[PDB]
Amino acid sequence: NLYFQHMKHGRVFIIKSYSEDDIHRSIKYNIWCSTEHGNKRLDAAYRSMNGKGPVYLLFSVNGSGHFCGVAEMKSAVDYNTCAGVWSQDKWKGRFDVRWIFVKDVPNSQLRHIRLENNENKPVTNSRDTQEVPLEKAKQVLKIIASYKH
């Protein structure tokens, strides 16, 4: 029921991937990369935190109809790394993550949570690197952590 009850200064972003393979690689090696604008957005959030709070990432594969897990950003963005490590060469850079939950949670469990910073659109209709208001993110994080088959 009650996970994440102690996250006073957290910042939470949506990750939308076109590649489940990339997600599987992210889970295996605890690393991720985003778009150029996505990297810079996540980089600013992580570094402006200065270890004072967690940066959580809510992962969902595009078109899957569910979210697939939760990870915490554990590193700043390194923009000069080996290329071609992901599904496409389009992804440049790298940062560490620590996956906390790896589980499929249907969008029905989350669609009624709406983001006041995204024209009050449901959280399940967000784009890649959309930031979630912390009070709405606590709801999503709790539902994911406590969802069971």
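Whichever C-alpha set is largest while still superposing within 1.5 Å between the two forms counts as the rigid core. Start at 1 with the first residue shown and count on from there.
Looking at 125-133 and 8-16, the one farther from the shown form in 9 other deposited structures of this protein by average CA distance, after a rigid core fit, turns out to be 8-16. When the mean C-alpha temperature factors of 65-73 and 48-56 are read from the deposited coordinates, 48-56 comes out higher. Mean C-alpha B-factor is higher over 5-13 than over the other stretch, the pair under comparison being 5-13 and 18-26.
When the modelled residues of the chain are ordered by their C-alpha B factor, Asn117 lands in the lowest third. Sorting the modelled residues of the chain by their CA temperature factor places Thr124 in the lowest third. For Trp32, the recorded CA B-factor ranks within the lowest third of the chain. Only modelled residues enter the ranking. In the PDB entry, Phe95 places in the lowest third of its chain by CA B-factor.
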